[PDB]
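> Experimental structure and sequence below.
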Amino acid sequence: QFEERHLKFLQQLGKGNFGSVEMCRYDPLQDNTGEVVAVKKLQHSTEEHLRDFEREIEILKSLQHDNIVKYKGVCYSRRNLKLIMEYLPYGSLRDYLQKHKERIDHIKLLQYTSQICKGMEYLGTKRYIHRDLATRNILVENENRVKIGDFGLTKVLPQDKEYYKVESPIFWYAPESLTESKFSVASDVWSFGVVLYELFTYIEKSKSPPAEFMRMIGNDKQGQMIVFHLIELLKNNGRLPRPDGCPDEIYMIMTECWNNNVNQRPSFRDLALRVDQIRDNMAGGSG
Ligand SMILES: N#CC[C@H](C1CCCC1)n1cc(-c2ncnc3[nH]ccc23)cn1
């Protein structure tokens, strides 16, 4: 779809563990008048990583939703597969919320929450598991609209099961992901609860899930024993605390998402409805 020669690098936007995203100018008219785009490429183009990247591209191209970053096309010349997507200039929600927190009230946080929920509801209709729902993977287009911005870990559920068994962001993981490496819509709901916690702490680093969990566990632990003591903590119903200023009903949603019983966690459809109702009530539909 895109031609390598016209694409001009401008600046790096983000770097993951296997890919990076660049800000580039696509200029088919060679007049520098072309659109600025975001370009994802692999750091190391091994056979494994390229096969994974191809499926990620297929996943994004199949998604069309207001709250999912827009696929544009692919670009290659010989092993230089790149994914072209719409550029969102406010960057990740983490940076945005940090910079603008004093101006972002709870009604606005719930607007972002609702948009994330509806994007995930849409993902569920395709039987996709995101596996990395966290504010680092949410992008901001404008002050009224966020989009799920990265799908590098997203899996398609197999046809015989409602879960996929597969360096992990352990402080966002459901207990069965930690113990059984099992990922499902329900483990995405668990991670969504952590996202809600991130939003209502305004991405303060001292209150981040890793900082909170390590204080609860003990900083003497490293690597494997961190995971062990996190599992024991969650099994014993230890949970992240209610953020300062967070309404109790919003914390209650977090804690329902963090149920150890997978079957007890809410659906994204129900989360979107409840968040929308809370937001409307807070804005003056109930006071
Ligand atoms: N979301 C998310 C995180 C993702 C990083 C995580 C792995 C590659 C980079 N990332 C995407 C961007 C980005 N920024 C601005 N516009 C964009 N469009 C598509 C991705 C994108 C920046 N970092």
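Here it is on my side, so go on. Numbers count the residues shown, from 1 in each chain.
> I'd say residue 54 and residue 83 touch.
No. Counting by CB atoms under 8 Å, residue 54 does not reach residue 83; the two are 9.7 Å apart. Every C-beta, even on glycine, is put in place using the N, C-alpha and C of the backbone.
> Which one of the two is surrounded by more residues?
The neighbour comparison of residue 54 against residue 83 (other CB atoms under 10 Å) goes to residue 83, with 24 against 13.
> Over to that one: give its phi and psi.
Phi and psi for residue 83, reported as degrees, to the nearest 10, are phi -100, psi 130.
> going forward, begin numbering at 678 instead of 1
Okay, residue one is now 678; in that scheme the one you just asked about reads as residue 760.
> So for this protein, which residue is the most central one in space?
Relative to the mean C-alpha position of the chain, the nearest C-alpha, by CA atoms, centre = their mean, is the one of residue 810, at 3.2 Å.
> the helices in the stretch 828-964 of the chain, which residues?
Counting by DSSP state H, counting those that start in this stretch, the stretch 828-964 of the chain has helices at residues 852-857, 862-877, 886-894, 901-912, 925-934, 945-957.
> how far off helix 886-894 does the longest one point, in degrees?
The one in question is helix 862-877. In this structure, helix 862-877 runs at an angle of 100 degrees to helix 886-894, with axes from the mean of the first three to the mean of the last three CA atoms, to 10 degrees as the basis.
> Pull out the buried positions in helix 862-877.
Within helix 862-877, the residues scored as buried using 16 or more other CB atoms under 10 Å are 862-877.
> what's the answer for the fourth one, then?
Judged by neighbour count using 16+ other CB under 10 Å, the buried positions of helix 901-912 are 903, 904, 906, 907, 911.
> about what we covered before: so the residue nearest to the centre of the chain sits right up against residue 865, yeah?
Yes. Using CB under 8 Å, residue 810 makes contact with residue 865 at a distance of 5.6 Å.
> list the residues that contact both of the two?
A shared contact of residue 810 and residue 865, defined by CB atoms under 8 Å, 6 or more residues apart in numbering, is any residue touching both; here these are residue 797.
> sorry, back to before: could the buried residues of helix 901-912 go into CSV alongside distance to residue 897?
Putting the buried residues of helix 901-912 into CSV (distance: CB to CB, whole Å) gives the following:
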residue, distance to residue 897
903, 10
904, 14
906, 10
907, 14
911, 19
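> Residues touching stretch 927-938, excluding its own?
783, 787, 852, 866-867, 869-870, 873-874, 877, 911-912, 914, 916-917, 919-920, 941-943, 948, 951-952, 955.
> Kindly report the residues of the stretch 728-877 of the chain close to the ligand.
746, 762-765, 768-769, 813-814, 816, 826-827, 829 (CB under 6 Å from any ligand atom).
> May I see the PyMOL selection of the buried members of these?
For anyone working in PyMOL, the buried entries among those, judged by 16+ other CB under 10 Å, can be selected with:
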select buried, resi 746+762+763+764+765+769+813+814+816+826+827+829
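> Can I get the residues of the stretch 728-877 of the chain next to the ligand in JSON lines including distance to residue 756 and secondary structure?
As requested, these are arranged in JSON lines below (distance: CB to CB, whole Å; DSSP: H, G, I helix; E, B strand; the rest coil):
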{"residue": "746", "distance to residue 756": "24", "secondary structure": "coil"}
{"residue": "762", "distance to residue 756": "20", "secondary structure": "strand"}
{"residue": "763", "distance to residue 756": "25", "secondary structure": "strand"}
{"residue": "764", "distance to residue 756": "25", "secondary structure": "coil"}
{"residue": "765", "distance to residue 756": "28", "secondary structure": "coil"}
{"residue": "768", "distance to residue 756": "29", "secondary structure": "coil"}
{"residue": "769", "distance to residue 756": "28", "secondary structure": "strand"}
{"residue": "813", "distance to residue 756": "28", "secondary structure": "helix"}
{"residue": "814", "distance to residue 756": "26", "secondary structure": "helix"}
{"residue": "816", "distance to residue 756": "27", "secondary structure": "strand"}
{"residue": "826", "distance to residue 756": "25", "secondary structure": "coil"}
{"residue": "827", "distance to residue 756": "22", "secondary structure": "coil"}
{"residue": "829", "distance to residue 756": "18", "secondary structure": "coil"}
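> Quick check: the farthest pair among the residues of the stretch 728-877 of the chain next to the ligand?
Distance extremes for these: the farthest pair is 763 and 813 at 18.6 Å, using CB to CB.
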